[PDB]
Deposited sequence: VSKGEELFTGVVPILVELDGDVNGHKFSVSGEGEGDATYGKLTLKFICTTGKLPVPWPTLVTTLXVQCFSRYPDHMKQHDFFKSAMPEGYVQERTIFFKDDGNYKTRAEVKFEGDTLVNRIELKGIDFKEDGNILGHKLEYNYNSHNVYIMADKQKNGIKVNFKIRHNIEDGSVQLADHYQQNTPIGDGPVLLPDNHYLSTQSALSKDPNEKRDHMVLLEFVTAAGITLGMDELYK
């Protein structure tokens, strides 16, 4: 099935992000492995510029939905893998409630045998003492549902969801995600029926790592036929 065939085993992942939030510039690199047969991702990310000026949980969505597990009765709805290997552009606006926003543009594609996510991130209008620039997020990640619709005119998909970030004072802050994916190549892609991805993620630290970093484990399965 061409695109799907590229994901039948474990695929190595490389992620590269250049960011600027309220003028604070930073870069992140990550590497790990993806196994779409089990909808499973394991990755380690490092801030290559020193200390990250935002909380790691705020970058999780930005830092490869081609690794979702689509059950066999739904594989006709897997846009992400169908665009491979030429890839897709993934664009987002992320609105943090009562605070600033992220705008992101990424290219996700194979570079040789590696699946590569290259991102540019621009954040504006953050409060210097809000939950983001004030580093008030707990170091954890919740479990969400990512809603996917076909966008025939753009030959891609439109995606919407809300991330719930736990805050150290017991509160929860919403991050409203608006997302558009469009193929890079010219070949035909799968335009899905409406459905959603069910996600779970666990964040941890490498006890031998001295750099500012995040270890991530993720399970993602398509559902909602």
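Counting from residue 1 of the deposited sequence, the stretches lacking C-alpha coordinates in this chain are 1, 65, 228 to 236.
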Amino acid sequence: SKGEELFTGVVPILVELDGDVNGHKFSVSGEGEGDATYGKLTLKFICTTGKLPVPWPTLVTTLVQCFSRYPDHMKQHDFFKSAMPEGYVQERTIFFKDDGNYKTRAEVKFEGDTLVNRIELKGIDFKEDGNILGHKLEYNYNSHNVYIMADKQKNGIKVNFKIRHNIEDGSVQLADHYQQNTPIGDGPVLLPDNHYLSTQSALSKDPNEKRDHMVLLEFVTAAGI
From here on, numbers count along this sequence of modelled residues.
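For the pair 84 to 92 and 136 to 144, the mean Cα B-factor is higher in 84 to 92. Per-stretch averaging of Cα B factors for 178 to 186 and 160 to 168 places 178 to 186 on top. In the deposited coordinates, the residue among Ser29, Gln173, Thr62, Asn194 with the greatest CA B-factor is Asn194. As recorded in the entry, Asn155 carries the highest CA temperature factor of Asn101, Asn131, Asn117, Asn155. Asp20: CA B factor lies in the highest third for its chain, per the PDB record. The deposited CA B-factor of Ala150 belongs to the highest third of values across its chain.
When the CA B factors of the chain's modelled residues are split into thirds, the value for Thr42 lands in the middle one.
Per the PDB record, residue ranking by Cα B-factor puts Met74 in the highest third of the chain. For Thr48, the recorded CA temperature factor ranks within the highest third of the chain's modelled residues.
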